[PDB]
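First the structure, in the form of structure tokens, and then the observations on it.
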Amino acid sequence: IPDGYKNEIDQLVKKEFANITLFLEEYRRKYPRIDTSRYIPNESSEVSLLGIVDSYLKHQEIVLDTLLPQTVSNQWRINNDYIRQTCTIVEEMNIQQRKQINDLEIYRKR
Amino acid sequence: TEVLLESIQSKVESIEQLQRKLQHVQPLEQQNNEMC
Numbered sequence: 012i013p014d015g016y017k018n019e020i021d022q023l024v025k026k027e028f029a030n031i085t086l087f088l089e090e091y092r093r094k095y096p097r098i099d100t101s102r103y104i105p106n107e108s109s110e111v112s113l114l115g116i117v118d119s120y121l122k123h124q125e126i127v128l129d130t131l132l133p134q135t136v137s138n139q140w141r142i143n144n145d146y147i148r149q150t151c152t153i154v155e156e157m158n159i160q161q162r163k164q165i166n167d168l169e170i171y172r173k174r
Numbered sequence: 506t507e508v509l510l511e512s513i514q515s516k517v518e519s520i521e522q523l524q525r526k527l528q529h530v531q532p533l534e535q536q537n538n539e540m541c
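Protein chains in written order, with the authors' numbering: chain s, 12 to 31, 85 to 174; chain O, 506 to 541.
Structural data, given as structure tokens:
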């Protein structure tokens, strides 16, 4: 009985039981360390010149040189093909485990 | 600051054009992200 004998035996087993890094782990408490929230805002009228040039121009020039297209979609789709080779390998192992698992149960059945 | 206002305008308009054209591979991203 998948509802009586298991419940019965469980009670009998129950009755016999009645008889018988520092920085990382601390951050886990649930707060990430704040980063530099400075570069994005700034102010023309406000304080500090370096922020204008020591924050925005050079990074924007590096951005415009970095922000690209020369290769475009070819570099992306080349990596997409690699992901498909990686995926099929896992499912082949899913099969190999599936066959040997059923094979062991098959021997028990006899 | 005005020089940068020129750059922010010229560079960001090019970045917005480059970004919208690229679209984060948004179809290739979904292709790549759904495979992940």
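Using N, Cα and C, we set each Cβ at its ideal position, and we do this for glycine too.
Which listed residue (the options) has its alpha carbon closest to that of residue i
i, options, result
"s/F87", "s/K17, s/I104, s/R97 and s/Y120", "s/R97"
"O/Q531", "s/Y95, s/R141, s/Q160 and s/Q149", "s/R141"
"O/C541", "s/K94, s/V154, s/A29 and s/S109", "s/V154"
"O/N538", "s/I147, s/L113 and s/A29", "s/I147"
Where residue i sits in the DSSP three-state scheme
i, result
"O/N538", "helix"
"s/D99", "coil"
"s/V111", "coil"
"s/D14", "coil"
"O/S515", "helix"
"s/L131", "coil"
"s/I31", "coil"
"s/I153", "helix"
Distance between beta carbons of residue j and residue i, contact taken as under 8 Å
i, j, result
"s/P105", "O/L523", "Contact doesn't hold; Cβ gap of about 24 Å is too wide."
"s/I126", "O/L509", "Between O/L509 and s/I126 the Cβ distance is about 14 Å, and since that is not below 8 Å, they are no contact."
Whole-angstrom distance between residue j and residue i, CA atom to CA atom
i, j, result
"s/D167", "s/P13", "25 Å"
"s/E89", "O/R525", "40 Å"
"s/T152", "s/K163", "17 Å"
"s/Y120", "O/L527", "23 Å"
Beta-carbon neighbours of residue i, restricted to chain s and to distances below 7 Å
i, result
"O/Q536", "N144"
Interface residues of chain O facing residue i [CB-CB closer than 7 Å]
i, result
"s/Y120", "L509"
"s/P13", "Ordered by position in chain O, no residue passes the 7 Å Cβ test against s/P13, which lies about 39 Å from the chain."
Per-residue contacts from residue i into chain O (C-beta, under 9 Å)
i, result
"s/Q124", "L509, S512, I513, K516, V517 and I520"
"s/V24", "Within 9 Å Cβ-Cβ: nothing; s/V24 doesn't reach chain O, min ~44 Å."
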